[PDB]
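Note that each Cβ is placed from the backbone with ideal geometry, even for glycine, and that neighbours are counted across all protein chains shown. What follows draws every value from the coordinates through simple rules; no lab data is involved.
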Amino acid sequence: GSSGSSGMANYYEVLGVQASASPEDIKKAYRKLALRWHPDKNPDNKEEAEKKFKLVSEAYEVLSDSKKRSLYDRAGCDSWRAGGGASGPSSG
């Protein structure tokens, strides 16, 4: 028994594209990816592939969308901790 996992996986990485990528590239890439990381296509390891299948699909949407993509981007590398840049607290 053990607690669930957070993930710590970069959507862009999973798919294999850049942030400045087009909304068409990600789509075409995903589709093909799904089959590539497909469990049925991989006899040796079925489960291992399955997981990837869900990821390639999950991210595909996260980016495909404008809100999800922007939200994920604005966040940055780390998601748990946002405030991690140039220290300079100022109010007015």
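More than 18 Å apart: what percent of Cα pairs in the chain qualify?
More than 18 Å apart: 55 percent of the Cα pairs in the chain.
For the chain, with a Gaussian network of springs between Cα atoms less than 10 Å apart, report the residue from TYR30, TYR72, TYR60 with the top mean-square fluctuation.
Top of the fluctuation ranking is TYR72.
Note down the nm distance, to one decimal, between modelled labels 7 Å out along Cα→Cβ at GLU13 and at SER79.
Label-label distance for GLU13 and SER79, simple model: 1.3 nm.
Return the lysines within reach of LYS67: Cα separation strictly under 29 angstrom, same-chain partners fewer than 8 residues apart disregarded; answer none if there are no such residues.
Within the straight-line limit of under 29 Å, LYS67 reaches these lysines: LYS27, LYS28, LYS32, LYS51, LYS52, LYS54.
Suppose every K and R has +1 on its Cβ and every D and E has -1 on its Cβ; what is the size of the dipole of the chain about the Cα centre, in Debye to the nearest 20? List each step's numbers first, then the result.
Numbers: 15 positive and 13 negative charges, 40 e Å.
Computed charge dipole of the chain: roughly 180 debye.
What does the helix-only formula give at 222 nm for the chain: each DSSP H stretch with n ≥ 4 adding -39500 (n - 2.57), the total divided by the residues, and the result rounded to the nearest 500 deg cm²/dmol?
Calculated mean residue ellipticity at 222 nm is -15000 deg cm²/dmol.
In a Gaussian network model over the chain where Cα atoms closer than 10 Å are linked, find which of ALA59, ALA49, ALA21 has the largest mean-square fluctuation.
Result: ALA21 has the largest fluctuation of those listed.
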